>>> print(open('structure_22.cif').read())   # mmCIF, C-alpha atoms
data_model
#
loop_
_atom_site.group_PDB
_atom_site.id
_atom_site.type_symbol
_atom_site.label_atom_id
_atom_site.label_comp_id
_atom_site.auth_asym_id
_atom_site.auth_seq_id
_atom_site.Cartn_x
_atom_site.Cartn_y
_atom_site.Cartn_z
ATOM 1 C CA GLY A 1 128.461 5.861 35.467
ATOM 2 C CA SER A 2 126.060 6.461 38.346
ATOM 3 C CA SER A 3 127.787 8.834 40.765
ATOM 4 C CA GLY A 4 131.543 8.493 40.381
ATOM 5 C CA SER A 5 133.773 5.779 41.822
ATOM 6 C CA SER A 6 137.145 6.614 43.372
ATOM 7 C CA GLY A 7 140.537 5.830 41.870
ATOM 8 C CA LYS A 8 144.150 6.882 42.374
ATOM 9 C CA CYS A 9 144.920 9.904 40.187
ATOM 10 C CA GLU A 10 148.397 10.758 38.899
ATOM 11 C CA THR A 11 148.624 14.258 37.429
ATOM 12 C CA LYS A 12 147.795 16.638 40.278
ATOM 13 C CA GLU A 13 149.895 19.796 39.982
ATOM 14 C CA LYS A 14 149.326 22.397 42.700
ATOM 15 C CA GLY A 15 151.042 25.778 42.698
ATOM 16 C CA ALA A 16 153.700 24.722 40.201
ATOM 17 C CA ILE A 17 154.802 25.821 36.731
ATOM 18 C CA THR A 18 156.572 23.915 33.955
ATOM 19 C CA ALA A 19 159.352 25.159 31.678
ATOM 20 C CA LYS A 20 157.022 24.769 28.696
ATOM 21 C CA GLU A 21 154.480 27.128 30.262
ATOM 22 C CA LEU A 22 157.235 29.622 31.078
ATOM 23 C CA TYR A 23 158.276 29.792 27.422
ATOM 24 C CA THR A 24 154.748 30.464 26.169
ATOM 25 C CA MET A 25 154.540 33.323 28.669
ATOM 26 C CA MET A 26 158.163 34.431 28.336
ATOM 27 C CA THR A 27 157.460 35.356 24.714
ATOM 28 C CA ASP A 28 154.012 36.795 25.429
ATOM 29 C CA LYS A 29 153.470 40.541 25.044
ATOM 30 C CA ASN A 30 149.865 40.375 26.245
ATOM 31 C CA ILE A 31 150.732 38.205 29.248
ATOM 32 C CA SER A 32 153.459 39.540 31.537
ATOM 33 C CA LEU A 33 155.698 37.260 33.598
ATOM 34 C CA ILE A 34 158.789 37.678 35.776
ATOM 35 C CA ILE A 35 161.350 35.058 36.796
ATOM 36 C CA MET A 36 163.395 35.094 40.006
ATOM 37 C CA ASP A 37 166.296 32.923 41.164
ATOM 38 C CA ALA A 38 166.119 32.342 44.918
ATOM 39 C CA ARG A 39 169.707 31.160 45.353
ATOM 40 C CA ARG A 40 173.074 32.247 46.751
ATOM 41 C CA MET A 41 174.666 35.438 45.426
ATOM 42 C CA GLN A 42 177.463 33.315 43.962
ATOM 43 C CA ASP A 43 174.952 31.147 42.099
ATOM 44 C CA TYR A 44 173.614 34.113 40.129
ATOM 45 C CA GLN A 45 177.161 35.029 39.104
ATOM 46 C CA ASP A 46 177.980 31.520 37.884
ATOM 47 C CA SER A 47 174.639 30.917 36.170
ATOM 48 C CA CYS A 48 171.707 33.199 35.356
ATOM 49 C CA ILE A 49 168.796 33.102 32.907
ATOM 50 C CA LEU A 50 168.515 35.895 30.342
ATOM 51 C CA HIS A 51 165.756 38.471 30.826
ATOM 52 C CA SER A 52 165.265 37.181 34.371
ATOM 53 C CA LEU A 53 165.441 38.654 37.873
ATOM 54 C CA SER A 54 167.785 37.721 40.720
ATOM 55 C CA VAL A 55 167.397 37.631 44.503
ATOM 56 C CA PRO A 56 169.856 36.581 47.270
ATOM 57 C CA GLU A 57 169.117 33.562 49.464
ATOM 58 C CA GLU A 58 170.217 35.073 52.776
ATOM 59 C CA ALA A 59 168.189 38.236 52.185
ATOM 60 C CA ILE A 60 165.034 36.118 52.036
ATOM 61 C CA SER A 61 164.057 34.999 55.538
ATOM 62 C CA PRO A 62 161.132 32.749 56.609
ATOM 63 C CA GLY A 63 158.283 35.106 57.445
ATOM 64 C CA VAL A 64 159.359 38.363 55.819
ATOM 65 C CA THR A 65 157.604 41.063 53.795
ATOM 66 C CA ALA A 66 158.207 42.907 50.524
ATOM 67 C CA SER A 67 159.997 45.724 52.346
ATOM 68 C CA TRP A 68 162.508 43.158 53.599
ATOM 69 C CA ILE A 69 163.486 41.719 50.218
ATOM 70 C CA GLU A 70 163.267 45.103 48.487
ATOM 71 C CA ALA A 71 165.807 46.308 51.049
ATOM 72 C CA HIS A 72 168.269 43.590 50.038
ATOM 73 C CA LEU A 73 168.454 43.276 46.251
ATOM 74 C CA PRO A 74 170.859 44.030 43.350
ATOM 75 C CA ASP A 75 170.956 47.440 41.665
ATOM 76 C CA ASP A 76 169.610 46.209 38.325
ATOM 77 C CA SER A 77 167.188 43.729 39.895
ATOM 78 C CA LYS A 78 165.631 46.492 42.004
ATOM 79 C CA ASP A 79 163.986 47.735 38.806
ATOM 80 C CA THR A 80 162.188 44.559 37.725
ATOM 81 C CA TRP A 81 161.420 43.963 41.407
ATOM 82 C CA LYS A 82 159.013 46.910 41.451
ATOM 83 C CA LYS A 83 157.494 45.692 38.178
ATOM 84 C CA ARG A 84 156.305 42.572 40.023
ATOM 85 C CA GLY A 85 153.009 44.336 40.665
ATOM 86 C CA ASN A 86 152.753 45.576 37.084
ATOM 87 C CA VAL A 87 153.147 42.116 35.557
ATOM 88 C CA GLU A 88 150.462 39.424 35.622
ATOM 89 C CA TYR A 89 151.877 35.979 36.407
ATOM 90 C CA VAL A 90 155.080 35.197 38.305
ATOM 91 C CA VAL A 91 157.617 32.379 38.573
ATOM 92 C CA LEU A 92 160.770 31.435 40.482
ATOM 93 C CA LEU A 93 163.837 29.228 40.049
ATOM 94 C CA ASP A 94 166.033 26.839 42.034
ATOM 95 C CA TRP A 95 168.707 24.138 41.879
ATOM 96 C CA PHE A 96 166.979 21.195 43.557
ATOM 97 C CA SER A 97 163.759 22.346 45.222
ATOM 98 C CA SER A 98 160.313 22.019 43.643
ATOM 99 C CA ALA A 99 156.902 23.119 44.916
ATOM 100 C CA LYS A 100 156.562 19.630 46.399
ATOM 101 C CA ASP A 101 159.931 19.845 48.154
ATOM 102 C CA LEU A 102 158.997 23.159 49.782
ATOM 103 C CA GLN A 103 159.102 23.486 53.571
ATOM 104 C CA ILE A 104 158.813 26.085 56.334
ATOM 105 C CA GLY A 105 162.181 27.767 55.893
ATOM 106 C CA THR A 106 163.120 27.318 52.241
ATOM 107 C CA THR A 107 163.957 30.454 50.256
ATOM 108 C CA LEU A 108 161.238 29.627 47.727
ATOM 109 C CA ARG A 109 158.629 29.174 50.457
ATOM 110 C CA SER A 110 159.571 32.317 52.381
ATOM 111 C CA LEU A 111 159.735 34.172 49.064
ATOM 112 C CA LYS A 112 156.499 32.639 47.775
ATOM 113 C CA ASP A 113 154.637 33.707 50.917
ATOM 114 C CA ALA A 114 156.419 37.062 51.219
ATOM 115 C CA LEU A 115 155.032 38.147 47.838
ATOM 116 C CA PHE A 116 151.298 37.600 48.362
ATOM 117 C CA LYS A 117 150.587 36.216 51.838
ATOM 118 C CA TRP A 118 152.618 39.017 53.419
ATOM 119 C CA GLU A 119 151.377 41.772 51.110
ATOM 120 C CA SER A 120 150.281 45.252 52.185
ATOM 121 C CA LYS A 121 150.447 47.618 49.211
ATOM 122 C CA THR A 122 151.365 45.884 45.951
ATOM 123 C CA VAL A 123 149.277 42.865 44.953
ATOM 124 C CA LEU A 124 149.485 40.300 42.153
ATOM 125 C CA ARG A 125 146.724 38.516 40.238
ATOM 126 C CA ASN A 126 147.807 34.983 41.131
ATOM 127 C CA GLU A 127 150.123 33.154 43.530
ATOM 128 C CA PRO A 128 153.884 32.823 42.791
ATOM 129 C CA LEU A 129 154.721 29.438 41.268
ATOM 130 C CA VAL A 130 158.008 27.526 41.202
ATOM 131 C CA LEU A 131 159.457 26.183 37.950
ATOM 132 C CA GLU A 132 159.724 22.409 37.549
ATOM 133 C CA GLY A 133 163.234 21.614 38.739
ATOM 134 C CA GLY A 134 164.433 25.194 38.501
ATOM 135 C CA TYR A 135 167.601 26.282 36.714
ATOM 136 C CA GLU A 136 169.016 22.752 36.819
ATOM 137 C CA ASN A 137 166.083 21.550 34.715
ATOM 138 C CA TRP A 138 165.864 24.747 32.665
ATOM 139 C CA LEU A 139 169.252 23.910 31.149
ATOM 140 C CA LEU A 140 168.052 20.467 30.069
ATOM 141 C CA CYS A 141 164.821 21.915 28.678
ATOM 142 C CA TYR A 142 166.289 25.050 27.104
ATOM 143 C CA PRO A 143 170.104 25.361 27.442
ATOM 144 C CA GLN A 144 170.043 28.065 24.758
ATOM 145 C CA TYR A 145 168.195 30.493 27.031
ATOM 146 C CA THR A 146 170.853 31.285 29.634
ATOM 147 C CA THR A 147 174.020 33.374 29.890
ATOM 148 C CA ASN A 148 175.978 30.413 31.257
ATOM 149 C CA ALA A 149 175.175 26.881 30.097
ATOM 150 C CA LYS A 150 178.476 25.277 31.095
ATOM 151 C CA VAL A 151 177.375 24.873 34.714
ATOM 152 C CA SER A 152 177.435 21.543 36.550
ATOM 153 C CA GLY A 153 175.596 21.077 39.831
ATOM 154 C CA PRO A 154 176.184 17.489 41.059
ATOM 155 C CA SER A 155 174.535 16.114 44.199
ATOM 156 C CA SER A 156 175.786 16.237 47.789
ATOM 157 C CA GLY A 157 177.010 12.659 47.528
#
>>> encode(input="structure_22.cif", output="structure tokens")
Amino acid sequence: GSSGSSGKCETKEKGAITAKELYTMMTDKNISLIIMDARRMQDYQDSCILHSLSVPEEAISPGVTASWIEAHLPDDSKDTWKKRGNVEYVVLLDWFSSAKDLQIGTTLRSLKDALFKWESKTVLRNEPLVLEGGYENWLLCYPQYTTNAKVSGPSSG
């Protein structure tokens, strides 16, 4: 080579995490990591990953802060919520919304920006990443890592 000709490129992940990476960190004592499910309150009841956190979808608004979410969260989730600053890395979940399908209004986006971008006191080491596919894909990757595996989530049509 002389300088470096252009091409096309394929693998170009940006602000995204895979299920495989979550496992390596999920069972890591040296590396902390918390998982959150930005979905409806009913979704958490039907399906929910073990050793994971939960957060309503309505409670998370586009352009909110930590005080907002912290104000609207479960009783047991409120604990791990505060540990967000103690841990190192962070990850989220979803049904059909990846980091590429994120927009100005999505729960993941508003939650991803309301954890670092809209920070005042607590601060993390990196930026919140979204799992590849979310819970829908987590079942296909590791169905033996959730409280409820018998959960079907077909498409709109």
>>> residues_around(input="structure_22.cif", residues="region 85-97 of chain A", least_positions_apart="2", cutoff="7 Å", atoms="only C-alpha atoms", output="ChimeraX atom specification")
/A:31-39,82-83,99,101-102,122-126,128-131,133-136
>>> residues_near_point(input="structure_22.cif", point="(170.6, 32.2, 29.4)", cutoff="10 Å", atoms="all atoms listed in the file", output="list in words")
residues 47, 48, 49, 50, 51, 52, 135, 138, 139, 142, 143, 144, 145, 146, 147, 148 and 149 of chain A
>>> write_last_selection(input="structure_22.cif", atoms="C-alpha atoms", output="mmCIF file, in the coordinates of the input")
data_model
loop_
_atom_site.group_PDB
_atom_site.id
_atom_site.type_symbol
_atom_site.label_atom_id
_atom_site.label_comp_id
_atom_site.auth_asym_id
_atom_site.auth_seq_id
_atom_site.Cartn_x
_atom_site.Cartn_y
_atom_site.Cartn_z
ATOM 1 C CA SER A 47 174.639 30.917 36.170
ATOM 2 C CA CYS A 48 171.707 33.199 35.356
ATOM 3 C CA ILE A 49 168.796 33.102 32.907
ATOM 4 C CA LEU A 50 168.515 35.895 30.342
ATOM 5 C CA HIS A 51 165.756 38.471 30.826
ATOM 6 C CA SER A 52 165.265 37.181 34.371
ATOM 7 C CA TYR A 135 167.601 26.282 36.714
ATOM 8 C CA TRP A 138 165.864 24.747 32.665
ATOM 9 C CA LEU A 139 169.252 23.910 31.149
ATOM 10 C CA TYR A 142 166.289 25.050 27.104
ATOM 11 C CA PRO A 143 170.104 25.361 27.442
ATOM 12 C CA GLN A 144 170.043 28.065 24.758
ATOM 13 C CA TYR A 145 168.195 30.493 27.031
ATOM 14 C CA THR A 146 170.853 31.285 29.634
ATOM 15 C CA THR A 147 174.020 33.374 29.890
ATOM 16 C CA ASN A 148 175.978 30.413 31.257
ATOM 17 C CA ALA A 149 175.175 26.881 30.097
#
>>> atom_distance(input="structure_22.cif", atom1="CA of residue 106 (chain A)", atom2="CA of residue 60 (chain A)")
9.0 Å
>>> atom_distance(input="structure_22.cif", atom1="CA of residue 15 (chain A)", atom2="CA of residue 109 (chain A)")
11.4 Å
>>> axis_aligned_box(input="structure_22.cif", around="region 67-84 of chain A", padding_each_side="6 Å", output="AutoDock Vina command-line options")
--center_x 163.6 --center_y 44.7 --center_z 45.7 --size_x 26.7 --size_y 18.0 --size_z 27.9
>>> residues_around(input="structure_22.cif", residues="region 112-119 of chain A", least_positions_apart="4", cutoff="6 Å", atoms="only C-alpha atoms", output="compact mmCIF listing (two decimals) with C-alpha atoms, keeping the file's coordinate frame")
# COMPACT_ATOMS: atom_id res chain seq x y z
CA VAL A 64 159.36 38.36 55.82
CA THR A 65 157.60 41.06 53.80
CA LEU A 108 161.24 29.63 47.73
CA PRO A 128 153.88 32.82 42.79
>>> closest_residue(input="structure_22.cif", among="A:103, A:137, A:152, A:5", to="residue 18 (chain A)", atoms="only C-alpha atoms")
A:137
>>> build_atoms(input="structure_22.cif", residues="region 1-18 of chain A", atoms="N, CA, C and O atoms", output="mmCIF file, in the frame of the given file")
data_model
loop_
_atom_site.group_PDB
_atom_site.id
_atom_site.type_symbol
_atom_site.label_atom_id
_atom_site.label_comp_id
_atom_site.auth_asym_id
_atom_site.auth_seq_id
_atom_site.Cartn_x
_atom_site.Cartn_y
_atom_site.Cartn_z
ATOM 1 N N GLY A 1 128.221 5.557 34.029
ATOM 2 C CA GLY A 1 128.461 5.861 35.467
ATOM 3 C C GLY A 1 127.191 6.239 36.201
ATOM 4 O O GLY A 1 126.199 6.622 35.581
ATOM 5 N N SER A 2 127.219 6.129 37.526
ATOM 6 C CA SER A 2 126.060 6.461 38.346
ATOM 7 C C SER A 2 126.323 7.712 39.179
ATOM 8 O O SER A 2 125.546 8.667 39.144
ATOM 9 N N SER A 3 127.423 7.700 39.925
ATOM 10 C CA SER A 3 127.787 8.834 40.765
ATOM 11 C C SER A 3 129.246 9.225 40.548
ATOM 12 O O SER A 3 129.563 10.399 40.362
ATOM 13 N N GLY A 4 130.129 8.232 40.576
ATOM 14 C CA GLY A 4 131.543 8.493 40.381
ATOM 15 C C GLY A 4 132.414 7.747 41.374
ATOM 16 O O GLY A 4 132.621 8.209 42.496
ATOM 17 N N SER A 5 132.921 6.592 40.961
ATOM 18 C CA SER A 5 133.773 5.779 41.822
ATOM 19 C C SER A 5 135.143 6.426 42.001
ATOM 20 O O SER A 5 135.572 7.231 41.175
ATOM 21 N N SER A 6 135.824 6.068 43.085
ATOM 22 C CA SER A 6 137.145 6.614 43.372
ATOM 23 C C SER A 6 138.209 5.942 42.509
ATOM 24 O O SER A 6 137.911 5.029 41.738
ATOM 25 N N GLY A 7 139.448 6.399 42.644
ATOM 26 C CA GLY A 7 140.537 5.830 41.870
ATOM 27 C C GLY A 7 141.885 6.008 42.543
ATOM 28 O O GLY A 7 142.081 5.575 43.678
ATOM 29 N N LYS A 8 142.813 6.648 41.839
ATOM 30 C CA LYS A 8 144.150 6.882 42.374
ATOM 31 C C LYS A 8 144.668 8.259 41.969
ATOM 32 O O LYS A 8 145.231 8.987 42.788
ATOM 33 N N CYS A 9 144.473 8.613 40.702
ATOM 34 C CA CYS A 9 144.920 9.904 40.187
ATOM 35 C C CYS A 9 146.444 9.964 40.115
ATOM 36 O O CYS A 9 147.136 9.419 40.975
ATOM 37 N N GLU A 10 146.956 10.627 39.084
ATOM 38 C CA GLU A 10 148.397 10.758 38.899
ATOM 39 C C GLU A 10 148.796 12.222 38.751
ATOM 40 O O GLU A 10 149.524 12.764 39.582
ATOM 41 N N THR A 11 148.316 12.857 37.686
ATOM 42 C CA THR A 11 148.624 14.258 37.429
ATOM 43 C C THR A 11 147.805 15.173 38.336
ATOM 44 O O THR A 11 146.606 15.358 38.128
ATOM 45 N N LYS A 12 148.461 15.743 39.341
ATOM 46 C CA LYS A 12 147.795 16.638 40.278
ATOM 47 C C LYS A 12 148.718 17.785 40.683
ATOM 48 O O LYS A 12 149.145 17.877 41.834
ATOM 49 N N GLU A 13 149.022 18.657 39.726
ATOM 50 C CA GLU A 13 149.895 19.796 39.982
ATOM 51 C C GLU A 13 149.183 20.849 40.826
ATOM 52 O O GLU A 13 148.020 21.171 40.586
ATOM 53 N N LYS A 14 149.891 21.381 41.818
ATOM 54 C CA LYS A 14 149.326 22.397 42.700
ATOM 55 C C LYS A 14 150.355 23.481 43.007
ATOM 56 O O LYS A 14 151.332 23.241 43.717
ATOM 57 N N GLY A 15 150.128 24.674 42.468
ATOM 58 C CA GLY A 15 151.042 25.778 42.698
ATOM 59 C C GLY A 15 152.414 25.526 42.104
ATOM 60 O O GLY A 15 153.433 25.794 42.741
ATOM 61 N N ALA A 16 152.443 25.009 40.880
ATOM 62 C CA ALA A 16 153.700 24.722 40.201
ATOM 63 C C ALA A 16 153.614 25.072 38.719
ATOM 64 O O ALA A 16 152.546 24.994 38.112
ATOM 65 N N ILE A 17 154.747 25.458 38.141
ATOM 66 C CA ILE A 17 154.802 25.821 36.731
ATOM 67 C C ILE A 17 155.891 25.039 36.004
ATOM 68 O O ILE A 17 156.958 24.778 36.560
ATOM 69 N N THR A 18 155.615 24.667 34.758
ATOM 70 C CA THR A 18 156.572 23.915 33.955
ATOM 71 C C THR A 18 157.356 24.842 33.032
ATOM 72 O O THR A 18 156.924 25.959 32.744
#
